[PDB]
Amino acid sequence: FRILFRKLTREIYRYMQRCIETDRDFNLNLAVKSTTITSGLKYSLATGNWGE
Amino acid sequence: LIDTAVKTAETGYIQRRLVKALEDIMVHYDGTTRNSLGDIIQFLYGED
Amino acid sequence: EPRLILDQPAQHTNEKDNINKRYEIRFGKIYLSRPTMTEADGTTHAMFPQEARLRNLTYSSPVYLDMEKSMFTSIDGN
Amino acid sequence: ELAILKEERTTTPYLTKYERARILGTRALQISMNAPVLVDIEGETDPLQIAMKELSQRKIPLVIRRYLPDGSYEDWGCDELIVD
RNA sequence: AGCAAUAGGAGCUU
DNA sequence: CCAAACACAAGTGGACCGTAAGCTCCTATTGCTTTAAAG
DNA sequence: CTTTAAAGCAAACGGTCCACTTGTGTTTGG
């Protein structure tokens with residue numbers, strides 16, 4: 001979870017670099033790609049390979 | 001159990017290397033023991 | 001790692017006017033709900049291990065993270 | 001050139017196990033390919049057993065060419081090698 | 001008259 | 001016969017390659033995401 | 001305004017072999 005959530009926060013940074021340039025208010029519900037934690041946990045628990 | 005499980009790999013490796021070292025050695029019709037290069041290993045097989 | 005920080009102080013082809021601009025988000029509580037199932041219709045309902053086993057689903061709970069974005073600008077969320 | 005005259009043949013006068021096995025296999029294949037049979041066929045129908053009967057009666061028409069390690073060879077008809 | 005590959009894991013007999 | 005500088009001899013550190021045989025099953029994955037173009 | 005296709009992009013211990021270092025010897029030339 002630490003690995004995948006640092007992935008997610010890097011995604012949040014990589015989105016806030018672009019979107020803030022537009023100078024708009026954003027609701028953060030398009031800023032989090034929820035599929036990252038889900039896909040990572042599911043991949044590790046379904047394959048056993050513990051890591052990215 | 002560990003010994004039985006672990007020594008068999010060394011033994012199989014040793015036997016494979018011995019087979020590859022000795023695989024080309026045959027007794028010929030003149031009695032000599034030669035390899036594939038024709039080189040003599042023993043002038044008479046088993047010395048008898 | 002509870003904070004992200006963007007920054008830009010100055011010199012972006014302006015009229016020498018400089019402002020320190022920090023964009024920041026604060027993660028809040030985690031909310032843990034019972035496992036739920038969402039259909040292709042969009043309807044939802046409670047999910048039990050036998051249904052997850054029969055329909056080849058994953059038996060998981062939704063995790064929510066409160067975020068409160070703040071900004072400070074000095075000239076020198078559900 | 002590489003053949004050896006029948007007088008200075010210095011190999012064993014005895015059919016070896018490998019020569020016997022291959023000769024029997026080849027004769028069995030030959031008879032199974034509707035080759036003529038030299039022995040009198042009484043009871044047996046298996047080509048290998050017919051080949052064994054022919055081998056025992058020295059009536060198998062084959063030749064073993066025994067290669068020496070230097071490339072030369074000796075020729076022995078099966079009927080003149082001694083079978084145990 | 002035509003039934004994928006690559007990996008990982010658990011096992012069988014020495 | 002003796003001084004010397006460079007012709008000529010090893011000792012030494014740290015690179016690669018390989019590790020029994022055969023067999024069974026199940027399970028998952030087979031590139032993904034973002035940008036640009038066309039209707 | 002939406003969909004499809006193509007191109008580009010991340011962060012275990014042993015031993016044979018090779019020549020640089022350390023060392024010894026020559027034999028010109030006075």
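Residues numbered from 1 in each chain as written, not as in the entry; some residues may be left out. Chains lettered and ligands numbered in written order. Part of a larger assembly, values for the part shown. Heavy atoms only, no water.

cryo-EM is the method the PDB entry states for this structure, with the resolution given as 3.8 Å.

Where the PDB entry is consulted, chain D appears under the name RNA polymerase subunit ABC23, common to RNA polymerases I, II, and III, with the organism given as Komagataella phaffii. Looking at chain D in UniProt, the text filed under Sequence similarities (unreviewed entry) is "Belongs to the archaeal Rpo6/eukaryotic RPB6 RNA polymerase subunit family." The UniProt entry for chain D carries this comment under Subcellular location (unreviewed entry): "Nucleus". (UniProt positions renumbered as here; feature names shortened; annotations may be inferred.)

A. View of the overall build of chain D. Looking only at helices and strands, chain D features 2 helices and 2 strands. Taken from N to C terminus, the helices and strands of chain D fall in the order α-α-β-β. Each of the three principal axes of chain D carries a C-alpha extent, and together these read 45 × 25 × 20 Å. Relative to its 84 residues, chain D shows a buried fraction of 32%. (Helix = DSSP H or I, 4+ residues; strand = E, 2+ residues; numbered from the N terminus. Buried < 20%, exposed > 50% of the residue type's maximum accessible area, 1.4 Å probe, protein only.)

B. Quick look at the protein's contact with DNA strand F. Near DNA strand F the following residues occur: A:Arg14, A:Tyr43, A:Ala46, A:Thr47, B:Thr8, B:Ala9, B:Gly12 and B:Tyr13. Here the atoms of DNA strand F within 4 Å of the protein split so that 50% fall in sugar or phosphate, with bases taking the remainder. Broken down by secondary-structure element, the contributors of at least two residues to the surface near DNA strand F are helix 2 (35-47) of chain A together with helix 1 (2-22) of chain B. Among the elements that line the surface near DNA strand F, the one with the most residues is helix 1 of chain B, at 4 residues. Along the lines of polarity and charge, the residues of the surface near DNA strand F split into 4 nonpolar, 3 polar and 1 charged. (Near = heavy atom within 4 Å. Nonpolar A, V, L, I, M, F, W, Y, C, P; charged D, E, K, R; others polar.)

C. Spatial organisation of the pattern of salt bridges. Scanning the entire structure with this criterion turns up 11 salt bridges over all chains. A salt bridge links B:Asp30 to B:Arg34, with the shortest nitrogen-to-oxygen separation between them at 2.8 Å. Look at B:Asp30 and you get partly exposed, because its relative accessible area is 35%. Look at B:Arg34 and you get buried, because its relative accessible area is 17%. In this structure, D:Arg9 and D:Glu80 form a salt bridge, with 2.8 Å as the shortest nitrogen-oxygen distance. (Salt bridge = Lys/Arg side-chain N within 4 Å of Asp/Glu carboxyl O.)

D. Region of the structure containing the layout of surface pockets. The computed volume of the second largest pocket comes to approximately 760 Å³. In terms of lining residues, the second largest pocket is bounded by 21 residues, among which B:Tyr29, D:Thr16, D:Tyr18, D:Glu19 and D:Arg66 are the most central. Going through the elements one at a time, strand 1 (26-27) of chain B together with helix 1 (17-32) and strand 1 (63-67) of chain D are the ones with two or more residues in the lining of the second largest pocket. Considering only residue class, the lining of the second largest pocket consists of 10 nonpolar, 5 polar and 6 charged. (1 Å grid on protein atoms, 1.4 Å probe; cavity = no way out; pocket = protein on both sides within 12 Å on 5 of 7 lines; lining within 4 Å. Points joined across faces, edges and corners; volume = space filled by probe spheres on them.)

E. Fine view of helix 2 of chain A. Residue and element names in this part refer to chain A. Taking 1.5 Å as the rise per residue, helix 2 with 13 residues should run 18 Å; its terminal C-alpha atoms sit 18 Å apart, in good agreement. Along helix 2, the positions that sit buried rather than exposed are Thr36, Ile37, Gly40 and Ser44. Looking straight down helix 2, one finds its buried side chains confined to an arc of 95°; they lie on one side. Residues of helix 2 that are exposed and point more than 90 degrees away from the buried face comprise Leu45 and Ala46. Residue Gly48 follows helix 2 closely and has a positive phi angle near 95°. (Expected span 1.5 Å × (residues − 1). Arc of directions from axis to C-beta.)

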